[PDB]
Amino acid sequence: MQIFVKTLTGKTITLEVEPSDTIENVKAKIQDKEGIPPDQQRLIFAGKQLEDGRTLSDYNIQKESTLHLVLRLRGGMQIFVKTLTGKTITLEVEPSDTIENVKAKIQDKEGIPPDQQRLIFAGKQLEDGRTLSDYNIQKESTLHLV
């Protein structure tokens, strides 16, 4: 069956789903189509935030039902990174961003390959799979590249 997912822009995504598909399944499809990471997604239907493990039928979602996507991604944060040269670069980031995502951004901005990047905050080497918030990296913190 077909369902719709509307963003807070009225952009409408059409998905082909089945009654027994889970909310987790649907978020995975949204990631495939929109490139939005499932952990940033909330899906709302009939004023309720839908849980990952429940099915569309569980929520009485049927052909032509419309879900609303309400993302957790927040805007307004910069951090600084000092490179091996000594240049200071300013990144726009979210507290939930992973170190891996941050290294990818440094590559996009400066061309430095992520595999060559060693990031340090407060003496600690930072691990790729962890988030800025995990390391208590706050707005306008400075990371060091080695």
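So that there is no doubt, residue numbering starts at 1 and follows the sequence shown.
Remark: stretch with higher mean C-alpha B factor among 55-63 and 32-40 is 55-63. In this entry, 10-18 shows the higher mean Cα temperature factor of the pair 134-142 and 10-18. When the C-alpha B-factors of 84, 77, 106, 50 are read from the PDB record, the largest value belongs to 84. Looking at the C-alpha B-factors along this chain, the one for residue 120 belongs to the highest third.
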